[PDB]
């Protein structure tokens, strides 16, 4: 559903704003645009300068996995570049990751408001770049060192800028790939540079490239779960996220977007459970074995993820507004159980999480059932903690 995904969008006040910059034709512009965004503490502006859609549609699964062997699979965004089905999950997780880069640099550089651009230098590593460009399936990767000043302080930053189809964007606000861990936002310089140019910090926006889902609900808790699974079956993953979107907002909200990122991760995790890949590791795998794992993430069979029954869990921890339910499934003829925690809004019910603590089911956990076990469960009208 192109229509079904469209009408579950919160076109926030910032998302309604016009973008007067088509593109960044030079990596320097893209860097400055991002620097201005940070200066103005403008999240919306910042997001538009990141390579959210381009990375999501182009990233090379195999190469990227080889670069990040200690990553486990559920910690990386869904493989949208291989299977467009995953797009809303990948966009949403990436968007969260970028918000966190933004927030971190905004924290780790005191008085980022008073920022002055002293120099932007192109780091000298052709080996490192070609390699990252291959990971990203990018035309060019350019690793830049950025020297800025805040008060008496001078700091160095490292951005990874990327080019696709002759247009630049920031892939990462910290050195290397967006998904690398334990990278510092900045380092403070002992000595202070004289500024090289008159750097022009822009303030137009460039194109919108993120979404905030609106809340949607159903009149019973079971029906919320049913339509959530129907969305998954039909590839309406944005609507799937909308079912757990507990608040709207007038403007673009970092908090709501990060939550959306988290739920996307839980959803992904659930799908990986049915695919048999939730516990997959990327280390010590040949290019061939990585390709097999790639093939195993194909979501084309999600159309045969069927709910057999949505069954209430009886527990102490249920309240008049929060209830735990078990989902009983056939995924292409194999039976699974998962857990839901649902919350009652004014209109009706939404998904709070893909967990049911009352049956020890963690967020996104999927439990395989024998045919015997599945039939016994289907006969229950209630599961007692």
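Positions refer to the first chain, counted from 1.
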query	finding
Residue stretch of maximal mean CA temperature factor, 153-161 vs 237-245	153-161
Entry-level comparison of average CA B-factors, 109-117 and 269-277, reporting the higher stretch	109-117
Options 260, 81, 250, 131 - largest CA temperature factor per the record	131
Criterion, highest CA B-factor; candidates, 96, 166, 223, 174	166
Chain thirds of CA B-factor: placement of residue 255	lowest
Modelled-residue ranking by C-alpha temperature factor, third containing residue 75	middle
Residue 230 CA temperature factor, ranked by third within the chain	lowest
Chain-relative CA temperature factor third for residue 199	highest
Chain third (lowest, middle, highest) by recorded CA B-factor, residue given as residue 327	lowest
